[PDB]
Amino acid sequence: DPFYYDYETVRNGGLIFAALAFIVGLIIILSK
Amino acid sequence: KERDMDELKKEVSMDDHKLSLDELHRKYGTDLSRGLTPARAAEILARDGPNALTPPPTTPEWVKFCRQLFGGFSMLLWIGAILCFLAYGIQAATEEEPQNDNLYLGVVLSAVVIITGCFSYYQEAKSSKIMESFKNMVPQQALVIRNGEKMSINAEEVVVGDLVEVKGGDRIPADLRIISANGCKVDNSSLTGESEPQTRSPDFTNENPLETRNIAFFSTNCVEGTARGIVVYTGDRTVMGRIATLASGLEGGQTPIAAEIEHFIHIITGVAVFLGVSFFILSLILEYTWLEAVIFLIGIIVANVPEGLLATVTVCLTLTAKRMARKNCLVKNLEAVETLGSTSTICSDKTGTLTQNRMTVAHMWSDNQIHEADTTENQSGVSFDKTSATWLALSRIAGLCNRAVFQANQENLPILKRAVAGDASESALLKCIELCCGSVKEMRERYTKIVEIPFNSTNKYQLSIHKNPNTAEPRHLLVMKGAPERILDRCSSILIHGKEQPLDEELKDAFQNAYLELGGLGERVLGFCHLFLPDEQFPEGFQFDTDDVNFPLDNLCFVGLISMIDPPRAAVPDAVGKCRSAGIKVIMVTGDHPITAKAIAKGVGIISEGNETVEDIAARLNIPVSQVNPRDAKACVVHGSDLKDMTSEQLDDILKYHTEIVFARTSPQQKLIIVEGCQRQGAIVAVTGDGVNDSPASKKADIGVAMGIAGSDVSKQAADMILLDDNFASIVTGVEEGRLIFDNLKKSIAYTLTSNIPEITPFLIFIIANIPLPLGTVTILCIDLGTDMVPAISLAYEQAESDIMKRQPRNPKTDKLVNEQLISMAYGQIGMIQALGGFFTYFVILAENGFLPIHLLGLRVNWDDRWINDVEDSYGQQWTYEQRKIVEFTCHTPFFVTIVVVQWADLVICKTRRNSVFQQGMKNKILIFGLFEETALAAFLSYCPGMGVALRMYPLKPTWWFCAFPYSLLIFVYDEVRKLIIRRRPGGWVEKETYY
Amino acid sequence: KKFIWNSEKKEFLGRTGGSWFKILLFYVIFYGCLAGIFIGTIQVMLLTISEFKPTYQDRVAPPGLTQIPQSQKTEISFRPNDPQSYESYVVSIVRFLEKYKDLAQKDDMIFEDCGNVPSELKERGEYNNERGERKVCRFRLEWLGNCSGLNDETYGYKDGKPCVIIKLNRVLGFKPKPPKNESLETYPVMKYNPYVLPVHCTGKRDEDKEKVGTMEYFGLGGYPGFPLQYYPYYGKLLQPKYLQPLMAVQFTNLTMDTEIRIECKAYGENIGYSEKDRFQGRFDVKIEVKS
Ligand SMILES: *[C@@H]1O[C@H](CO)[C@@H](O[C@@H]2O[C@H](CO)[C@@H](O)[C@H](O)[C@H]2NC(C)=O)[C@H](O)[C@H]1NC(C)=O
Ligand SMILES: *[C@@H]1O[C@H](CO)[C@@H](O[C@@H]2O[C@H](CO)[C@@H](O)[C@H](O)[C@H]2NC(C)=O)[C@H](O)[C@H]1NC(C)=O
Ligand SMILES: CC(C)CCC[C@@H](C)[C@H]1CC[C@H]2[C@@H]3CC=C4C[C@@H](O)CC[C@]4(C)[C@H]3CC[C@]12C
Ligand SMILES: CC(C)CCC[C@@H](C)[C@H]1CC[C@H]2[C@@H]3CC=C4C[C@@H](O)CC[C@]4(C)[C@H]3CC[C@]12C
Ligand SMILES: CC(C)CCC[C@@H](C)[C@H]1CC[C@H]2[C@@H]3CC=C4C[C@@H](O)CC[C@]4(C)[C@H]3CC[C@]12C
Ligand SMILES: C[C@]12CC[C@H](O)C[C@H]1CC[C@@H]1[C@@H]2CC[C@]2(C)[C@@H](c3ccc(=O)oc3)CC[C@]12O
Ligand SMILES: *[C@@H]1O[C@H](CO)[C@@H](O)[C@H](O)[C@H]1NC(C)=O
Ligand SMILES: [Mg+2]
Ligand SMILES: [Mg+2]
Ligand code: NA
């Protein structure tokens, strides 16, 4: 039915993106 | 009535020193050789107060915490919180089921102010805490003669009118009136700035109590000799006491950064109330009532108040102050970190600040040639030639014929900073021999001294005879030193490369010109000579008792002169050059003698080589000084004696027509007068000093710089910045950082001020077009105090785009921190595009869910209604209340995300004000993390489970993340062509209209 | 310092005349370009959506359940005697049913007589524009017995024992699916389970359920629900003047001078509910006939 949206997949992707972007930024400020 | 009290303290002191010993003992009632009875001493001790300055005014910690809770920026946020609670109070009593938004915002603004206060308070308190760790006040007991007996009592138990004795090394307790001296030399450096140890004689010499020798002063140290005296002044009534009390009771002024923030708030609230009032009238003209229009006015005014710019500006200043504390340049006041950059006229002190305040061997004479020795504080200079026989003889004459030796603990300390017991001149000689000629311990004991002759009161000469340890000649080695005029009369032989020659005038006149060269250079010169006593007329058994002529006074062998002076610190000349390069006027203000002040000025850079004073031209032309036109003289020396008879206009002319000025023999009060004269011109002033005489000058100056170790406690407390390492180059670093953080603050402010247009425009058109609310309040908080915090803080880490130490100091009346160009950029061009991008994402979300944009007009009337659950969209569908409200909140979330997307480009373009993003480069790692954290945080606030419940932020369909991309690219390209036209065309359109 | 208004060297409000013209011209060109850009992008956005169907329809998954007296707080408080006390209600009922009169549904080119008995769904092809303007099934007021009447311009409704009709939220392409014959305890209802969306009202607690004595439902042919022959909806563009099904509910035995809560819950598989939106699927009302 067109009255359904897979919000769990989009939400999961957004949380994974936020996690990767934040850990990458942390690697950016830790130049070693 | 404290005005009169301060006025009687701005005047130079008076005295009664010029009195016969009988008139003095009659006025004070004291025995000249027995002092007074202990009962009389206790009666005065319990009559006027102990001999100690009244403690400073204690500053309770709740006072400065409330201070951090107030100010100019925090006050704007306070009025914003008050307006929020006023609006909420109106909304509570007047309408049904009032909204908690305004209350939420008011408590948030209050929390922002309180947190900023806690942070800034902890920082200033940390600075003062590490400052208390520098007060090493060791009690010092004075030697007082009372009832005919000598007793050592605490300095505070000393009273007025009692006999006091001081020994070489002891500190002058109170202000004494010398009655009997024995070759006594005191140290008036920390008080009157007099570098060389000024001797103290019982006879009155000068009408000025500071210049005369019959007066010892509070906080001064008796260098050599012993003396007696009657205490004339005690406690706060003393000279340095009146100076310290004047310093404590002076005005601090308004720092330039503070005035800039105030002007910034003036423009912020100006446009805020303009928009609020014009929209209040517009709302009443449309349909809304006074009840609603008042809430609109408060919402528009409060919305235009940067809530996070306070914490960002504070952290900016804190970061730069952190770098200052890293280089041992501590700032007591936070905003004081910026004043150095805005400075345009530096008034410096000579003794202890421009110089090392220590006698050092400057130049030597040998083979009719001048040899300059290394006079740096850390020994990082050129070393003279130390392989000739003339040096091997002169070094022994100095290392042997000298009453100077190291003390007990002088082992691990360096050769220069270590303490030496004796005369300052002999100390400089001992250090130079111990540094450039091995060691003087084994060199002095190698030549066993037989008979010596110390310095004489007339024809000052110091001689001594020693045994000869050479394995080729057993003749006695006699050495003697003294003034060159006393040694020239007792010399016939001259040493050269190892052999002797007669006193031919061809080289004797060359010695005279060398003497006048080292003398005219402001240095003190001495002559050294020696002679081999014939072991045939004075065998090894004969004892030359110091009674008659046992040594030939004349026919000696002169080896060479040895000059000495207090040399400037290592990086002092280079620092002065850097300051002048940045367009900062350097003016020396010292109480030392003019003959030495002019030499040190020319040696450090205050007086450029080639420039002539009003007297130099008259001397070069052999004409009276009253004839030369002062306009033909760029530099000028102003004596303190003449400064006393000056008016305001005269001092104004001295500073306006003379570029290199040197104030000599100036009292601390005159130093304050000079600082005020410089401030009358309207320029930022920085006073750099160490002694107590720098307290009233460092206090009244826009920014005071005290020496962390070589400085006095009074001027160190009355200052605004401390140099814990005494590295005068820190002044240059300070003037650089002060300009650096200034420009970075401009960038950071333009960033926070750009986000206000897309934060207010949704509400504005919500009032006009009557469309559903495009942007929510909590989302606005997630932008101002959420994402944008890291980019704005990272904007402080930006470096110089061009050379900042090259441009002239900013004009306070022209280059303001937030000029009308920043408003035209943030509020006018960039923020406008960001607002359009937000509205685009808004219309995309609503048109895709069934509400075409054209249909959104006049829809908010029934949209916001909580009971109309059948709201027709553009497709004929019926929407309930919560369904369409879910769309409005899931419509606020992408508006916030759109803000972050446009802030990416806004941050990259604000990072560079004139250079291109490709020229400067994304080398700011904090900025990269700022964008990464900003985006990750924005995504987390939308996709975290339970956000549409707590913060009412619902998840976004991925295509929403791209509705804002073209606007960001547009912003970036627009600002890029802006900076490109500014680069290619530096004349006026793009520069005077948008370049802020 | 705030009298920079003018000078003999040409300045107005802060700057000169030629500078005012330069800045004004720049801002006009700049904002004009911004407007053209926003309009062009909004046009592309208009080109990404169709005229016969909304792109996203998930935010209206559970249809709502509204009523005719759009009360300020879903409360019906009036006096059985004072005609002005219940004027706000009757006005909205007459205005709502003004499009259901026999004279309003007179054109045979846009109206189609569905039938006196609820039948299966009526699918009129696809949602494209290849077909002409679809037909809308008629719904005469006579179906709502005891709450329609043959009154004059003013529908003399019920003073004592009021009437409250319910309506299902019009959704494009929505096909209502009533519950299976395996009804999980659905409060006595007729056996016409296959071609009508059931809607049953009740109290809210042990008190409201006792105060509300008897309720009488009215619908198509006498069934308490919505007939499937009127669905699905094909948008306002393709089906203008569409009349969604209606179903009236009358509360005969009420306790006068007492505010009682009623919950009219619509049942079905394609009918969702929500603890946050008391209108999604269900519907609430606070009736109080104070004499
Ligand atoms: C509609 O209202 C009428 C009253 O106008 C109801 O008619 C009554 O019905 C009862 C049976 O339930 C009879 O005993 C009465 O004699 C009738 N009175 C009149 C005046 O006709 C009718 O029942 C109502 N319809 C429904 C479906 O409840
Ligand atoms: C309608 O409701 C009334 C109550 O308002 C019912 O009549 C009451 O019945 C109780 C006994 O259970 C008596 O104690 C009351 O005196 C009665 N009141 C009246 C006014 O008659 C009545 O039975 C209900 N009728 C229907 C058809 O539901
Ligand atoms: C201008 C460029 C270099 C910036 C690079 C970042 C861009 C490409 C990133 C930043 C945030 C990202 C989005 C983060 C969140 C969502 C939701 C997720 O469930 C699908 C991906 C999607 C839709 C991403 C698409 C790509 C995106 C827009
Ligand atoms: C809700 C709507 C109608 C309000 C419209 C406001 C527009 C027309 C206003 C808002 C801000 C204004 C600008 C503010 C800044 C500048 C720079 C200044 O030195 C001259 C005025 C100028 C160039 C203004 C032009 C008009 C302007 C763009
Ligand atoms: C001169 C050139 C570079 C300008 C080209 C404009 C481009 C960058 C703009 C014009 C219209 C824009 C699109 C308009 C429509 C859609 C559908 C929407 O649901 C998501 C945004 C999205 C996907 C936009 C992405 C960016 C876009 C394609
Ligand atoms: C409560 C509010 C009243 C007007 C209308 O009913 C909409 C309501 C919800 C949104 C709320 C406004 C009030 C002003 C805002 C806080 C005001 C604002 C926003 C951010 C900010 O920093 O300062 C003010 C603009 C809109 C606002 O957020
Ligand atoms: C449902 O079941 C009843 C008997 O339990 C039967 O009479 C009725 O016809 C059934 N309806 C359908 C649609 O199967
Ligand atoms: Mg803001
Ligand atoms: Mg000094
Ligand atoms: Na100060």
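All residue numbers here begin at 1 and follow the chain in the order shown.
Determined by X-ray crystallography, 3.2 Å, according to the entry header.
Placed from the backbone N, Cα and C atoms, the Cβ positions cover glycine too.
The N-linked glycosylation site annotation in Swiss-Prot covers C:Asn146 (among others). DSSP classifies C:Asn146 (N-linked glycosylation site) as coil under the three-state reduction. Note: C:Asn146 (N-linked glycosylation site) has non-local neighbours C:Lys158, C:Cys163, C:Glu216, C:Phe218, C:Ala248, C:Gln250, i.e. same-chain residues 6+ apart with C-beta under 8 A of its own C-beta.
Annotation source Swiss-Prot lists N-linked glycosylation site at C:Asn181 (among others), citing similarity to another entry. Note: C:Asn181 (N-linked glycosylation site) has non-local neighbours C:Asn193, C:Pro194, i.e. same-chain residues 6+ apart with C-beta under 8 A of its own C-beta.
Taken from Swiss-Prot, the feature N-linked glycosylation site covers C:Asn253 (among others). Sequence-distant contacts (6 or more apart, same chain, Cβ under 8 Å) of C:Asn253 (N-linked glycosylation site) comprise C:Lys161, C:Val212, C:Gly213, C:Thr214.
The Cβ of C:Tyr89 (phosphotyrosine) lies under 8 Å from the Cβ of C:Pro69, C:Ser71, C:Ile76, C:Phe78, C:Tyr157, C:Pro162, each of which sits 6+ residues away along the same chain. According to Swiss-Prot, the phosphotyrosine annotation covers C:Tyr89, on the basis of similarity to another entry.
Here Swiss-Prot flags C:179-291 as region 'immunoglobulin-like'. When DSSP labels each residue, the region 'immunoglobulin-like' (C:179-291) comes out as 14 helix, 35 strand, 64 coil, counted as helix, strand and coil in that order.
Look at Swiss-Prot and you will find C:23-50 tagged as transmembrane segment.
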Original post:
Is C:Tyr89 (phosphotyrosine) helix, strand or coil when read with DSSP?
Top reply: helix
Original post:
C:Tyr89, C:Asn146, C:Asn181, C:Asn253: which of these recorded positions put a Cβ within less than 6 Å of any ligand 1 atom?
Top reply: C:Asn146
